[PDB]
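Asks: Provided hereafter are the protein sequence and its experimental coordinates.
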Amino acid sequence: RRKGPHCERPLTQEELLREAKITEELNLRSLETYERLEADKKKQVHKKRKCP
Amino acid sequence: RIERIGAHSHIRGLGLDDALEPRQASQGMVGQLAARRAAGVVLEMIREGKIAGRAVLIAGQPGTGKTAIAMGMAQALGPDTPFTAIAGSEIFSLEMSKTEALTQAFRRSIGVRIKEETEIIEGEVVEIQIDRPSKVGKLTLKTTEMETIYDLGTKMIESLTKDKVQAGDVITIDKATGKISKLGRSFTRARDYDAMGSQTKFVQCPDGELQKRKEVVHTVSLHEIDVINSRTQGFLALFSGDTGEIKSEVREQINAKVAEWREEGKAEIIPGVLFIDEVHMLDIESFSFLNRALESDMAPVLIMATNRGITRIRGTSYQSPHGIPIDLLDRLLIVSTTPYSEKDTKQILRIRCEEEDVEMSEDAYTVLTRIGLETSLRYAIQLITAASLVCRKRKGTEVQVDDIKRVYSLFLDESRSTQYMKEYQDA
Ligand SMILES: Nc1ncnc2c1ncn2[C@@H]1O[C@H](COP(=O)(O)OP(=O)(O)O)[C@@H](O)[C@H]1O
């Protein structure tokens, strides 16, 4: 009977959250396009030579 | 380039029309219309080639154009069709039987042509990079229309290095087998001469497409097939004529497999002609074997020259026409060559002297036709070359009558030689 728990930060705003995720859509599309283009322009599946 | 003009080098083919109508003096041959028309009929049946084992016998006087008609048929038949010329005395071998030699002669004029569609790559190498660590590299092939790159494999690099192909080189690559063949050096093949170089033969780069599909054809005779299949020594066709293929599966298997090939469309047939000159040399055994060898479906057509008449058959004491037994004479179609008249002998002499590049006068032609009608046409023909040499020696332009007369007095024919043989002459 000395200690006790705590909790805070009860905030979630419906419309502001919708806006926030509609914005995160930008980051998601940027990540997808960046990954796709980087893969296509760097991998170009192939091999290299040996190091003897 | 330099292949001299033999006795039969003047005829380039039978002087026939589209309807097999012999012309008087066209295409080297002169006169002999009936025998030339028969030769043309048999030649048309040959070029058709749906009947096997047919025999013809060109009989006639000595020196009337029998071998001439044979060479004319050969020329009119041209390549891409086997024509084997053999003297009757050539089959008497010491290492192979007469029947085996005749089977060889027959099967040597039967062609088998395999047509293949192997694709290749033709272009001018621009660069051949290769790194040894298995070594790996690349190649840049250029044609006048496009350029491309190829990643070279292990055996590809091996073959390229063995052939020692370099840049600027025009090469062909059989993609199926990887066989390389360099056709020449392109203008780029210039090695920037600064060292011990002694080759500057350039050629235009290959045109068209890079990876084209052309058609190859491999034509070999049944004789070569059975020879190379006889034993592991697959070079007897050039190594030496040591032969004796047993008539066991070897030849029967060649025949059966060629039949299956013809059926499946791999290589069907191209029949041929066998010109047996002086067939009277063949033996009774040879004739008896031919009797049934002409009955085989793989039997090419044969034409046999004949000078003899009613004379004994070799190897026996049977008197038979042409020196051939009636047994074989029955299968043959006989064509008789007639002797040349005055205007035919004169025209033959004219064509011969114009072929051997010798200008004769109008009286030279007359005296030569006289000599050739009194004596053999062959002697008259041989007189032309001898008469041209005296003219060249005296620095003349065209052979006159005095040169021909000097040559006639200088050289002797058989009749005058016999009439001069008045002494014992070591009989
Ligand atoms: N119709 C012809 N036209 C041109 N030359 C001929 C003709 N007939 C024969 N000859 C010539 O006569 C020469 C000898 O005759 P050849 O043809 O050998 O007859 P054979 O074979 O009967 O001896 C040959 O060199 C040939 O050129």
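Replies: Nice, thanks for sending it over. Residues are numbered from 1 along each chain as shown, chains lettered A, B, ... in the order given.
Asks: hey, let's count contacts and neighbours off CA atoms from now on
Replies: Fine.
Asks: interface residues of chain B facing the ligand?
Replies: Proximity of chain B to the ligand (Cα under 6 Å from any ligand atom) is limited to residues B:7-8, B:28-32, B:61-68, B:348, B:378.
Asks: Now the buried members of the residues you listed.
Replies: B:8, B:28-32, B:63-68, B:348 (16 or more other Cα atoms under 10 Å in any protein chain shown).
Asks: So which of the residues of chain B next to the ligand are in helices?
Replies: B:66-68, B:348, B:378 (DSSP state H).
Asks: picking that back up, can I get the buried ones among the residues of chain B next to the ligand in JSON lines with distance to residue A:48?
Replies: Listed next are these as JSON lines, based on distance: Cα to Cα, whole Å:
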{"residue": "B:8", "distance to residue A:48": "69"}
{"residue": "B:28", "distance to residue A:48": "71"}
{"residue": "B:29", "distance to residue A:48": "73"}
{"residue": "B:30", "distance to residue A:48": "77"}
{"residue": "B:31", "distance to residue A:48": "80"}
{"residue": "B:32", "distance to residue A:48": "80"}
{"residue": "B:63", "distance to residue A:48": "80"}
{"residue": "B:64", "distance to residue A:48": "80"}
{"residue": "B:65", "distance to residue A:48": "77"}
{"residue": "B:66", "distance to residue A:48": "75"}
{"residue": "B:67", "distance to residue A:48": "72"}
{"residue": "B:68", "distance to residue A:48": "72"}
{"residue": "B:348", "distance to residue A:48": "79"}
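Asks: Can you report how many residues lie near the nearest residue to residue B:373 once chain neighbours are set aside?
Replies: Of all residues not flanking residue B:373 in the chain, residue B:342 sits nearest, at 6.8 Å (Cα to Cα, 6 or more residues apart in numbering or on different chains). By other Cα atoms under 10 Å in any protein chain shown, the residues close to residue B:342 number 14.
Asks: Then residue B:94?
Replies: What residue B:94 shows, counting by other Cα under 10 Å, is a neighbour count of 7.
Asks: What segments of the stretch 51-200 of chain B are strands?
Replies: Under the criterion DSSP state E, counting those that start in this stretch, the stretch 51-200 of chain B contains strands at B:55-60, B:83-87, B:111-116, B:120-131, B:136-142, B:147-152, B:169-174, B:180-186.
Asks: I'd like those as a markdown table, with distance to residue A:39 and mean neighbour count appended.
Replies: A markdown table is the format used below for these (distance: least, Cα to Cα, whole Å; neighbours: other Cα atoms under 10 Å in any protein chain shown):
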| stretch | distance to residue A:39 | mean neighbour count |
| --- | --- | --- |
| strand B:55-60 | 78 | 22 |
| strand B:83-87 | 68 | 18 |
| strand B:111-116 | 45 | 18 |
| strand B:120-131 | 28 | 20 |
| strand B:136-142 | 25 | 19 |
| strand B:147-152 | 23 | 14 |
| strand B:169-174 | 36 | 21 |
| strand B:180-186 | 39 | 18 |
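Asks: okay, these in TSV with distance to residue A:31 next?
Replies: Output for the strands of the stretch 51-200 of chain B, formatted as TSV (distance: least, Cα to Cα, whole Å):
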stretch	distance to residue A:31
strand B:55-60	89
strand B:83-87	79
strand B:111-116	55
strand B:120-131	39
strand B:136-142	37
strand B:147-152	35
strand B:169-174	47
strand B:180-186	50
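Asks: so which of those gets nearest residue B:104?
Replies: Nearest to residue B:104, of all the strands of the stretch 51-200 of chain B, is strand B:83-87, at 10.8 Å by Cα to Cα.
Asks: distance between the closest one and the chain's centre?
Replies: Chain-centre distance of strand B:83-87: 8 Å, with Cα atoms, centre = their mean, to the nearest Å.
Asks: Just checking: what are the partner strands of it?
Replies: strand B:273-277 (parallel) (DSSP bridges).
Asks: backbone phi and psi for the residue nearest to residue B:197 when sequence neighbours are not counted, please?
Replies: Leaving aside its chain neighbours, residue B:197 sits nearest to residue B:191 (7.9 Å; criterion: Cα to Cα, 6+ apart). The phi/psi pair for residue B:191 (degrees, to the nearest 10) reads phi -90, psi 20.
Asks: what about residue B:280, which SS state?
Replies: Classification of residue B:280 using DSSP: H, G, I helix; E, B strand; the rest coil returns helix.
Asks: wait, it sits on residue B:323?
Replies: Yes. Using Cα atoms under 8 Å, residue B:280 is in contact with residue B:323, at 5.4 Å.
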